[PDB]
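Quick heads-up: it's one chain on its own, the form deposited in one PDB entry, in structure tokens.
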């Protein structure tokens, strides 16, 4: 799948993961809203009464062309509140890099912790640990008044300081493309 000879594309999958309502859809809508019509496909949203998923692909202008191959990024997330683990497990199939979108709200601090234990455990299903996959932490919602300090959030999701961290206010685009740029850098660094 990653190499498509017929279209001369290399495909990478980036998953936005994190607790429900932390800003993953918003990140996806902002990125989509900025790509030119000729460089992206359809945004696809799947929903049963109980589960959800959301994705689209696009050709980032910022990446160069090896041997005539353009790069194509496929962005995925499970949006909304989760009732079943199934679509989280499946969203990680063939993942190349991960953006963890943590929430700043004080009453969402455990949810951040829980969501990261859950991702670690979903990775494990595929034989992957947190070291095997580029992970970027986005600490979203820097604007809300009682917003916890970045290091307190980072303390519960990445207690060893192993992952790049970035601030965002995704409703306004701040941090959104820096975060994507950071996870991409990591993904491409592995292919060299």
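For the two forms, the rigid core is made up of the largest set of C-alpha atoms that agree within 1.5 Å on superposition. Positions refer to the first chain, counted from 1.
If you look for the form deposited in another entry, you will not find it shown, but the lines that follow are about it.
Looking at CA displacements between this form and the one not shown with the core superposed, a shift of 2 Å or more is confined, among 132, 146, 50, 151, to 50. Superposition on the rigid core between this form and the one not shown places the CA atom of residue 81 2 Å or more away from its counterpart.
Here's the thing about residue 53 and residue 75: their CA atoms end up at least 3 Å farther apart in the other form than they are in this form. Relative to the shown form, the CA atoms of residue 50 and residue 92 are pushed 3 Å or more farther apart in the other form.
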